[PDB]
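Q: Chains as they are written, first to last, in the authors' numbering: chain A, 17 to 99, 107 to 168, 198 to 424; chain B, 636 to 680, 752 to 830, 837 to 873, 877 to 1041; chain C, 35 to 200, 206 to 217, 226 to 416, 420 to 584, 647 to 743, 748 to 882.
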Amino acid sequence: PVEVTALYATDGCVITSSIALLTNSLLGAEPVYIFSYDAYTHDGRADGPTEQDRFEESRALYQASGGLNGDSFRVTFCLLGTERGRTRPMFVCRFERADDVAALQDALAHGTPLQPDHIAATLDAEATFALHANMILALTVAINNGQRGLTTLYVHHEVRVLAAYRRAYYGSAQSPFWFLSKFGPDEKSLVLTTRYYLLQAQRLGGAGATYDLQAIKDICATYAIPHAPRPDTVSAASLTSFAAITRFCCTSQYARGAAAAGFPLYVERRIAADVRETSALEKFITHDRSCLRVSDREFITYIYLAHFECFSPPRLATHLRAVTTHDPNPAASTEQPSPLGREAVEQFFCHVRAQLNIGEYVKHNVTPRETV
Amino acid sequence: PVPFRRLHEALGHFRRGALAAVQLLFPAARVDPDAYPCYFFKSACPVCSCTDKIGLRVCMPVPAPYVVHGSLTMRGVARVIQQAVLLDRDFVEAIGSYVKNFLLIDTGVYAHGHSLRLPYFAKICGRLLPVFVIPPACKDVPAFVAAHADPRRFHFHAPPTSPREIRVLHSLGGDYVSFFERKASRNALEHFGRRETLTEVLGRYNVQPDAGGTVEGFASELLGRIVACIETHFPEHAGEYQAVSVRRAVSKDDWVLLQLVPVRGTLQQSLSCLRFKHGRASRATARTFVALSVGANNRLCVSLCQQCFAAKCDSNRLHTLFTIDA
Amino acid sequence: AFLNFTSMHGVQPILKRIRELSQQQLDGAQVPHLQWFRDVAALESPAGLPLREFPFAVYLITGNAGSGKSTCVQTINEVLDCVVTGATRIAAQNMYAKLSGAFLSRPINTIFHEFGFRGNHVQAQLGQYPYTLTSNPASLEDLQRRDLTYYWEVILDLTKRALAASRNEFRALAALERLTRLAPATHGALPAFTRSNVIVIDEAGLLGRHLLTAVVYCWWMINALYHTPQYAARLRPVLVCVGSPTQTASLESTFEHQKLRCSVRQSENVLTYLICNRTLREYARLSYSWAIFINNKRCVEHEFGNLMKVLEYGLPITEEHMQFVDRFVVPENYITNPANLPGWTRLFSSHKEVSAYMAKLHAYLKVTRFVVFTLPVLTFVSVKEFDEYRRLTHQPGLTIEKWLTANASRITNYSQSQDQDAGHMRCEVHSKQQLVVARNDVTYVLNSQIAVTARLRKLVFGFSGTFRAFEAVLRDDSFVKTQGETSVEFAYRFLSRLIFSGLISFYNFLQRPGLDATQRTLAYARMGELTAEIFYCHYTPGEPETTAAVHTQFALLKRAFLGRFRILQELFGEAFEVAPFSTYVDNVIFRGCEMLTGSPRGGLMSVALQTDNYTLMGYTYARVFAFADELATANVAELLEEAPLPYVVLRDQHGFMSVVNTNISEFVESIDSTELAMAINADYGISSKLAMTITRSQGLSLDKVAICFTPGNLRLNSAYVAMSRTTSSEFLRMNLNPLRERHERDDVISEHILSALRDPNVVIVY
DNA sequence: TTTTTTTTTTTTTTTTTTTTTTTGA
Ligand SMILES: Cc1nc(N(C)C(=O)Cc2ccc(-c3ccccn3)cc2)sc1S(N)(=O)=O
Ligand SMILES: [Zn+2]
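1) If we ignore side chains and look at the alpha-carbon of each, how far apart do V424 (chain A) and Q789 (chain B) end up?
2) Count the other CB atoms, across all protein chains shown, that sit within 10 Å of the CB of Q722 (chain C); report buried if there are 16 or more and exposed otherwise.
3) Could you name the residues of chain B that residue 202 (chain C) contacts, counting a contact when the two beta carbons are closer than 8 Å?
4) For the segment 352 to 381 of chain C, which residues have a CB atom closer than 8 Å to at least one CB atom of chain A, in sequence order?
5) In terms of residue numbering, what span does the beta strand (DSSP E) encompassing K967 (chain B) cover?
6) Could you tell me whether the Cβ of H885 (chain B) comes closer than 8 Å to any Cβ of chain A?
7) Helix, strand or coil for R518 (chain C), going by three-state DSSP, please let me know.
8) Can you list, in chain order, every residue whose CB sits closer than 6 Å to a heavy atom of ligand 1?
9) Just curious, the beta strand (DSSP E) that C309 (chain C) is in, first and last residue?
10) Short check: CB of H859 (chain C) to CB of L830 (chain C), under 8 Å?
11) In three-state DSSP terms, what is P924 (chain B)?
12) Please determine whether the Cβ atom of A1001 (chain B) lies at a distance below 7 Å from any heavy atom of ligand 2.
13) List the residues of chain C whose Cβ lies closer than 7 Å to the Cβ of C29 (chain A), in chain order.
14) Spell out whether any CB of chain B is found under 8 Å from the CB atom of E73 (chain A).
15) Taking CB distances under 8 Å as the criterion, tell me whether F933 (chain B) reaches chain A.
16) Can you list, in chain order, the residues of its chain with a C-beta nearer than 6 Å to that of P825 (chain B)? Leave out the 5 residues immediately preceding and following it.
17) Looking at the secondary structure, which residues open and close the alpha helix (DSSP H) in which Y671 (chain B) lies?
18) For ligand 2, is there any heavy atom lying closer than 7 Å to the beta carbon of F520 (chain C)?
19) DSSP three-state call for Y439 (chain C): helix, strand or coil?
20) What residue range is occupied by the uninterrupted alpha helix (DSSP H) comprising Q974 (chain B)?
21) Express the C-alpha separation of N1012 (chain B) and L358 (chain C) in angstroms, rounding to a whole number.
22) For the segment 866 to 877 of chain C, which residues have a beta carbon sitting closer than 7 Å to at least one beta carbon of chain A?
23) Considering only residues of the segment 215 to 245 of chain A, which uninterrupted alpha helix (DSSP H) runs meet the minimum length of 4 residues and lie entirely inside it, listed in chain order?
24) Could you name the residues of chain A that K531 (chain C) contacts, counting a contact when the two beta carbons are closer than 8 Å?
25) With H, G and I counted as helix, E and B as strand and the rest as coil, what does DSSP make of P112 (chain A)?
26) Let me check one thing: in DSSP terms, what residues is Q1022 (chain B) bridge-paired to?
27) Would you report the Cα separation of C94 (chain A) and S88 (chain A), rounded to the nearest angstrom?
28) Per DSSP, what kind of secondary structure is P84 (chain C) in: helix, strand or coil?
29) If you draw a straight line from the alpha carbon of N853 (chain C) to that of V376 (chain C), how long is it in whole angstroms?
30) Relative to the C-alpha of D491 (chain C), which candidate in C:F511, C:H349, C:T424 has its C-alpha closest?
31) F797 (chain B): beta carbon under 7 Å from a heavy atom of ligand 2?
32) For the structure I just gave you, are there three or more beta carbon pairs, one from the segment 515 to 531 of chain C and one from the segment 687 to 704 of chain C, closer than 8 Å?
33) Any heavy atom of ligand 2 inside 7 Å of the beta-carbon of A1025 (chain B)?
34) Quick check on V791 (chain B): buried or exposed, where buried means 16 or more other Cβ atoms within 10 Å of its Cβ?
35) Taking Cβ-Cβ distances shorter than 8 Å, what residues in chain C pair up with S987 (chain B)?
36) With 8 Å as the threshold, decide whether the Cβ of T203 (chain A) is near any Cβ in chain C.
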């Protein structure tokens, strides 16, 4: 019952090929290429999951040797689209037979495309055509002014069907080069960030659901797990079609084990540590700003000085080096407490007492010359 | 416009804060903040019909045995009082919803030669008249009222009202020493770099300003370049600075201004203003200066500047025309 | 990598506020009904118009210009439902560039397109009817009625066009069981305001206050006729206005039809309207809905930053600031002389000054001997137009040249129209098609970084670069990305054609001095070896209309050239890479400025972008039917067939040559409420980017700047805008010192930002 | 000597396809 969320992109127009796949028509159906996937199982405990419980469950899920660990697989294929959801499902397939799971492990651990037969014989018609049934109804109503209905609407007005399936799932297939462009040049980014920002962010919830692609790529950059060399020495920029990106991601070692299990937890950890320090610093910032009562020039000097003294490039570099990990296991993490807020408070926010009805600012430069 | 009762309560709070500040500044005095007389005067603008400002003057006896000496010392006393009255929550709670700018005290009326309008006097629009804020434990009310009419209570250098000891507070804090300013300046050096002072930069071009006429040493050779610039870009007055002598006039530690008065032709022949072409006599009513400063990546920047006596240009204001490298 | 950190973690509170601002349901009675917009159509004059509140929300994103305020917009787009818009086409394209550089953003249009602004609205009497506000305190209803009376000649037309269009749309789907979420997808070409309630207006300070209400008003319109699911959910618009409040201003132009005196007064922009109006600052609750971005990223100086701080925040001007800006002053005759500061953009505070400066440099370059070439620009007035309009102006006596005394600015894009050196108008009656036509000459410079002003249709004829630059294009397929993902086959056909046409270039490089006999011998030997696994020979080009064809036939040609480039790259080292490779689909000979692209076939038809920095090349004629989409307009179409219309050729940043179309613009303004097509102006619409006005400089940032300041007219806001267009203070020269001269400073919005920086509920992002 | 009068933005609907060269007085 292991559930997989999969992002795919065929050779050409993925929308037309996918619709033809749904209609069981042998006219246009390029073999399916799966290049990012998130596997999960429904948690049987009410509030049992902990961070290490989740890490153990995930490390069990992503088989270190390759592939997954379940017997039956419900895979929900998706495209880059919006309903704000970053992806959109297209079709759902069951994999219970030995041949079905053999094809899924092969296509999930190596990257060999899934032929139309394997999918077409395994559409969950009880739910697949149910996902887009409302789109069928809306198309019927619009053109007036399940699978037989889909075929009939395919025949009647092709232009409007294609336009509707391209407006929804708006991104669809952009380009092979686009993915290598917008999801980092590194293999770590290309696998892990594509998994998280698309198929893992909104499902797992948390703060990372509201973070942008550049932020998530930065978090991945500081997720500096050990890097083993690539057995084929294939460079990340030597990729032209999706048969290369898929092969790079599936036979990567940031995809089927500890790193694939630690990244979602590390996103949450980094954000928590960062917000702990930033929110403290902004509490101080807002309070001192509100009660400063100084001249306009000196006010600007304080606001810029304080934002520098807390968020300067050196302080920021030390902080990001304090949250960088060297291992995905949360109980074996090498991240250590960040010095940002304590250092900022120690030097600049220690003089708040001077402006607290003390007159300590005078005491700093008093020189009381009273000659007797 | 404000109600008088709110103003009087705010003035009581001001008395409290100022007396705390005074007992802090003069530590060996005895200022009981319920009997020490502060005197208040308001400018005529009941309903305070104030559309511009509530003109106030606050007079405090300097507590015995102290006497304050120096313009800067009273400047510091004023800063302490000003930053002490905006600490008492009562004052800010009372008058805060009314004051657009929280700055109340002006500290520039204490320089030598600067005048302050006395109470019981008007302006040529408002005769400063007393507003009585009786001390909370004043043991002589009639004396306090008939203390605002004695000129000694509102005169800077009045006779102090059998002195054994006397303590003269003649120096307090300095200027531009704010912690924000001193921290920001230090961070600038760490992050951006050191901008060498004018003297150090001039020292590279064999100029030691300790001796007299040394800056004129470089101003000499600089005059040729400046004249070459003007007789190319500003030619309609070309033959005017052929023979001039740099006269050192203003010396700030980052701004050396040398006047360029001539002798040739006529001793008092004024230098025609380079811009805003005027008549024969109006144009020849201007002065010229050379300004050495430090600029860019620590390179001595030389500027030609003018001071015109005509209405078209800002009268008696210094203007710049070109800045050349050296 | 640490640069983004502050924005990354400070935009989240912004995101966690816009969400509740957009998910706040209104009471049933407060929702503007359809009958409201029905009555608005019935109303003739904007006087009996009933006082009607149109609910809305705002969230203000202020910050220095180029403070990277776009990171906030970027995060908003990928997380929230939103319709991103722009106050100017340039700003909209700038946001598109900065939103597609991270993820997918749908084509970003202007807010004017979003609320339905069309051609005839451009010259419309937008300031006619009066209003005595029953106010102080000004009710929001009165402010909205003022902004609707201001734009009566636009609001009324939009309402009438939307209403009288008829009802199906969402009304249909909503009754699926009596699915409107899937309605904008199935029913296409629907207005983008029907699918979101968060409207991001970037550089909103370029819009006047009249627009704010207008946008909200229009929002409700487009959600009432269509009965959008948001209208059923009782949601209200939230206007995320992003812009610089102290580096941007909005101006209103009114033309008096007897004095012929076009006047331009200053106006209250949306940002200033929201910040400084006590009614809007309370209803919109700007205190809990304001984000100030405070960092100037591009800037890498220290004293330059302090000066920007004092100018933007209204801080007192001290002696030290005067001495700092003293190091920039260079004489009046030094800036204006074209021999000085080559490549530095020069700003003036008058359009006449720019018209003078552009002409002198033209003479300089011409006498000294780029090429100062002459190119025709025409105009087309009609007899009936200037007959009836002269009749209606209460003065039937007015000469045509006196008609073109000032309406030349009001006949096309003002910016280049009043900032161009041109000849004498030859107004000759060409009434063959019942017309009177004019003829002048807008001398340009040859091979300069010019910018496209209006919307032009670029037709790429080939690439004039290096072998390495063309290898790069093919390797990353960057060109294909510029054409959009939906139509990639058209981009792949033309590259295929180029590679099968640019094979002769290799053979010319064969004639290069300093090469061994056997060096060239190995060159042709490896050419033969590659032909063995492939000499031009007789390759069969072309492909059917199939997706596979452009990924198989092109794939061979792409791999063919790629290999071939890299093959001779190793053979001749860096020499071959730097060798100039020009590929065209036709015999293109360019003697002097005149070019000749022979007979076009429209291999790749696209649209030029205004932001794209093009380079002037030459005026080939080569009449293309692609630009000749001419259908009044036909009466001048016949004359355009008669007189060969020159198509000016531009070179983009990559180096691809593109031939463009001309531009045509109408003048329609009148006083008798009779908007009729008077005159259409055919010209080129290109700008030099070498000299401009301070007011237009607000829009776009510049590399090197020399400012010419007119004394007396000194406004410190103009000084701040002029000095802030460049990143580095090193490359900045000025006429005089704006800090040392008398300057009219208007520090009213400055104190308002300062009080905003002094409020606990305002979010400051560093 | 008075003496001026400065600056801006928006205006769409698509991607291929019939060639002509003596005229005047
Ligand atoms: C010297 C030191 N280093 C710190 N940095 C890096 C800065 O200010 C950096 C900055 C901050 C604001 C701006 C800006 C730009 C346009 C308008 C207003 N402002 C520019 C640059 S802060 C200063 S300090 N401690 O003197 O205030
Ligand atoms: Zn003068």
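For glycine and all other residues, C-beta sits at the position ideal for the given N, C-alpha and C.
A: With the structure as the only source:
1) The residue given as residue 424 (chain A) occupies position 372 in the first sequence. The residue given as residue 789 (chain B) occupies position 83 in the second sequence. So the two alpha carbons sit approximately 28 Å from each other.
2) To locate residue 722 (chain C), count along the third sequence from 1; it is residue 610. By the 10 Å Cβ count, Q722 (chain C) comes out buried.
3) Within chain C, the sequence of modelled residues goes 200 then 206, so residue 202 (chain C) has no position in this structure.
4) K356, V357, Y360, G361, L362, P363
5) The count along the second sequence starts at 1 and reaches residue 967 (chain B) at position 252. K967 (chain B) -> beta strand (DSSP E) spans 962 to 967.
6) As a working note, residue 885 (chain B) is residue 170 in the second sequence. Taking Cβ atoms only, chain A reaches closer than 8 Å to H885 (chain B), which makes this a yes.
7) Mapped onto the third sequence, residue 518 (chain C) falls at position 468. Helix at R518 (chain C).
8) A:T353, A:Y356, A:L357, A:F360, B:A899, B:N902, B:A903, B:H906, B:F907, C:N98, C:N342, C:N343, C:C346, C:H349, C:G352, C:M355, C:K356, C:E359
9) Against the third sequence, residue 309 (chain C) aligns to sequence position 262. Unbroken beta strand (DSSP E) run through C309 (chain C): 309 to 314.
10) Numbered from its first residue, the third sequence carries residue 859 (chain C) at position 743. Numbered from its first residue, the third sequence carries residue 830 (chain C) at position 714. Yes, the Cβ-Cβ distance between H859 (chain C) and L830 (chain C) is below 8 Å.
11) As a first step, residue 924 (chain B) must be located in the second sequence, where it is residue number 209. Correct three-state label for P924 (chain B): coil.
12) Within the second sequence, residue 1001 (chain B) is the residue found at index 286, counting from 1. Checking the Cβ of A1001 (chain B) against ligand 2 gives yes.
13) Within the first sequence, residue 29 (chain A) is the residue found at index 13, counting from 1. Those are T659, listed as they occur along chain C.
14) Numbered from 1 along the first sequence, position 57 holds the residue referred to as residue 73 (chain A). For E73 (chain A), the answer is no, since every Cβ of chain B falls outside 8 Å of its Cβ.
15) Mapped onto the second sequence, residue 933 (chain B) falls at position 218. With 8 Å as the cut-off, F933 (chain B) does not count as an interface residue toward chain A.
16) One-based indexing of the second sequence puts residue 825 (chain B) at position 119. Answer for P825 (chain B): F676, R763, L840, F866, listed in chain order.
17) As a first step, residue 671 (chain B) is located in the second sequence; it is residue number 36 there, counting from the start. Segment: none, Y671 (chain B) is in no alpha helix (DSSP H) and carries neither H nor E.
18) Counting from 1 along the third sequence, the entry for residue 520 (chain C) is found at position 470. Every heavy atom of ligand 2 is 7 Å or more from the Cβ of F520 (chain C), so no.
19) The sequence position of residue 439 (chain C) within the third sequence is 389, counting from 1. Three-state DSSP puts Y439 (chain C) in a helix.
20) The sequence position of residue 974 (chain B) within the second sequence is 259, counting from 1. It is not in any alpha helix (DSSP H) - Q974 (chain B) instead sits in the beta strand (DSSP E) that spans 970 to 974.
21) Taking the first residue of the third sequence as 1, we reach residue 358 (chain C) at position 311. Taking the first residue of the second sequence as 1, we reach residue 1012 (chain B) at position 297. Approximately 23 Å between the Cα atoms of the pair.
22) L870, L873, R874, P876
23) 228 to 234
24) For the purposes of this step, residue 531 (chain C) is identified with residue 481 of the third sequence, where counting begins at 1. Neighbours of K531 (chain C) on chain A, chain order: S227, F229, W230.
25) Taking the first sequence and counting its residues from 1, one reaches residue 112 (chain A) at position 89. Note: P112 (chain A) maps to strand in three-state DSSP.
26) Sequence index remark: in the second sequence, residue 1022 (chain B) carries index 307 (1-based). Beta-bridge pairing links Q1022 (chain B) to B:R1002, B:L1033.
27) As a first step, residue 94 (chain A) must be located in the first sequence, where it is residue number 78. As a first step, residue 88 (chain A) must be located in the first sequence, where it is residue number 72. Going from the Cα of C94 (chain A) to the Cα of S88 (chain A) covers about 19 Å.
28) Translated into positions along the third sequence, residue 84 (chain C) becomes position 50. If DSSP states are grouped into helix, strand and coil, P84 (chain C) belongs with coil.
29) The sequence position of residue 853 (chain C) within the third sequence is 737, counting from 1. The sequence position of residue 376 (chain C) within the third sequence is 329, counting from 1. Approximately 6 Å, taken between the alpha carbons.
30) Within the third sequence, the letter at position 441 stands for residue 491 (chain C). The option with the nearest alpha carbon to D491 (chain C) is C:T424.
31) Position 91 of the second sequence, counted from the first residue, corresponds to residue 797 (chain B). Not under cutoff, so the answer is no.
32) yes
33) Start at 1 with the first residue of the second sequence, and residue 1025 (chain B) comes out as number 310. Because some heavy atom of ligand 2 lies under 7 Å away, the Cβ of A1025 (chain B) counts as near it: yes.
34) As a position in the second sequence, residue 791 (chain B) is number 85, starting the count at 1. Buried, because 16 or more other Cβ atoms sit within 10 Å of the Cβ of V791 (chain B).
35) By one-based count along the second sequence, residue 987 (chain B) stands at place 272. Within chain C, no residue comes near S987 (chain B); the closest Cβ sits about 16 Å away, beyond 8 Å.
36) Taking the first sequence and counting its residues from 1, one reaches residue 203 (chain A) at position 151. Not an interface residue.
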